[PDB]
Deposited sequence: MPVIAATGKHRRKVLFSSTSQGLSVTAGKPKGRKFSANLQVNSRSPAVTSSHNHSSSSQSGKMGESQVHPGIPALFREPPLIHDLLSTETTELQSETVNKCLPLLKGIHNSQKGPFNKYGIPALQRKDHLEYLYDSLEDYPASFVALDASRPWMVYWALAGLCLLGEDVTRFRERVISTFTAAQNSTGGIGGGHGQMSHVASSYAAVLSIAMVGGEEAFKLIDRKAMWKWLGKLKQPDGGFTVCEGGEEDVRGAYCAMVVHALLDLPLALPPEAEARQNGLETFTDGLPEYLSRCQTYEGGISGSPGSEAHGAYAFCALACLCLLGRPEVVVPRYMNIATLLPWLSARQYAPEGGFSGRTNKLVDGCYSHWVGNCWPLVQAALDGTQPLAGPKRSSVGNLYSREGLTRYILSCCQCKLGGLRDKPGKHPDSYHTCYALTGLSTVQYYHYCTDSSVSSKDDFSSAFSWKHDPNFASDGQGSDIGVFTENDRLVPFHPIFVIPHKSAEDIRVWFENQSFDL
């Protein structure tokens, strides 16, 4: 019965409908699994519990889990074949968050992605797989984290530029690969790769999209993203689909690559509907975020929904001069932290979707990313590391220190639980994003 745990996290909601459906049955079961963990009374939980009744982040267990995830898998894991670049990214990201030096992985990263890069441009899931923006995104971010000139030199920039040009669609969006689906995930991944490698803004002279009047990679892009907003306020994967947290992150992050958040976001999104929908993603007593209306909380949305908040709050606050008042956090940092630390930690290491699920490196990566977000003030400024996506490289951070006592916006983690800050747009450390961008900016585009 830890006294530091508010009733909000120990009881089901006050209002309950009489009507039972599949939705309420799943929601009820989820709440019932979470409650003993939230209360800190489940036998699977390891201490120490802090003054807020929350178990410590099991750093050593998660480290060992992430290191193990980078080794060999049995034949039964064949379904991960096309996702091997993601596997590398998720593990490296998690290790970075937990404070590890991942530079020793440089040569192994180079060896992994050398065979996965196609001569015609881009990176696929592995040898003989066609280039895909998601694997290219994962590869580029992995390269950024390990750093070094040799890793940077691995990418054929000109071929990447030509290949990305082929994905640009007349409606302004991007397909994820040649002949593949067009969704906002595609646009976000493409533009992150474009920005971090400092690719030319102009489409290749022979790009098909030029027949439709488009001239640059960003032509028609924010308009496309605007057409992905729904009546709910959230953002869908493609026009007309259902609002979803993962796609909201992709669209918002992509917009913030196009200009200052306070300029681009209100222009292309209706913030009046976006804000309450984002707010409604968080449930009690669970404390975590769901991805869409009337579905369940999931620890990976600690990132997808969680990292929408610094972007939206920057759109409301505006750019900070290094030489002003803030709206603050518009969600519950306490709730999210309780969900991650009390409910999403597996006793054997790794983090999970929700109680009852096995851990995996994807959920480990994004739960930790979400945990890091609550521990920092993330904001954009008028000073950029870029010598010319200027706002995207102007993001800075200050620690939001662990709190004492009660309050609406408090840090209920301990300082022992503090993770490395991640860039809200690039989802890697700020210095990693800075270093790769600056290096490529100083390299002449190849002939």
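Trainee: Going from the first residue of the deposited sequence to the last, where are the unmodelled runs?
Mentor: Since the structure holds only modelled residues, the stretches it omits are 1-67, 391-393, 459-460.
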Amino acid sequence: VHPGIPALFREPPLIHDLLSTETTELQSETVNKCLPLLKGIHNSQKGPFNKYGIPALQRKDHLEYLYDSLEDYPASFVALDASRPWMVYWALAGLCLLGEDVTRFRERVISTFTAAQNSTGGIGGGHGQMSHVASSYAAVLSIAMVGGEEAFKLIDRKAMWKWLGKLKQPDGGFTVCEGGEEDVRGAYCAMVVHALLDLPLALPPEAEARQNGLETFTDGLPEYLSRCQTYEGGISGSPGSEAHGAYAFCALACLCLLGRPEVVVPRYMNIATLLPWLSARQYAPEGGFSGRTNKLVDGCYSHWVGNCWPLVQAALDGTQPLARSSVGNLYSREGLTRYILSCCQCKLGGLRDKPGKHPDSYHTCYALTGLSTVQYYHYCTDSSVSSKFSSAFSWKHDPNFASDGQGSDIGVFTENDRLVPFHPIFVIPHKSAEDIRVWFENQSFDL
From here on, numbers count along this sequence of modelled residues.
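Trainee: If you average the CA temperature factors over each stretch, which comes out higher, 153-161 or 280-288?
Mentor: Looking at the record's C-alpha B-factors, the answer is 153-161.
Trainee: Identify the stretch, either 335-343 or 74-82, whose C-alpha atoms have the larger mean B-factor according to the entry.
Mentor: Taking the mean C-alpha B-factor of 335-343 and of 74-82, the larger value falls to 74-82.
Trainee: Sorting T373, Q211, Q313, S136 by Cα temperature factor from the record, which one lands on top?
Mentor: Answer for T373, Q211, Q313, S136: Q211, with the highest C-alpha B-factor.
Trainee: Of the options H62, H397, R418, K33, which has the highest CA B factor as deposited?
Mentor: Across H62, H397, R418, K33, the entry lists the biggest C-alpha B-factor for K33.
Trainee: Where does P424 sit by CA temperature factor within its chain: lowest, middle or highest third?
Mentor: It belongs to the middle third of the chain when residues are ordered by C-alpha B-factor.
Trainee: Considering only modelled residues of the same chain, in which third does the CA B-factor of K51 rank: lowest, middle or highest?
Mentor: CA B-factor rank for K51: highest third.
Trainee: Determine, from the deposited record, the chain-internal third of the Cα B-factor for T23: lowest, middle or highest.
Mentor: Lowest third of the chain for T23's C-alpha B-factor.
Trainee: How does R260 rank on Cα B-factor within its chain, lowest, middle or highest third?
Mentor: According to the entry, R260 has a C-alpha B-factor in the chain's middle third.
Trainee: Ordered by C-alpha B-factor within the chain, which third holds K166? Give me lowest, middle or highest, please.
Mentor: Tercile = middle for this residue's CA B-factor.
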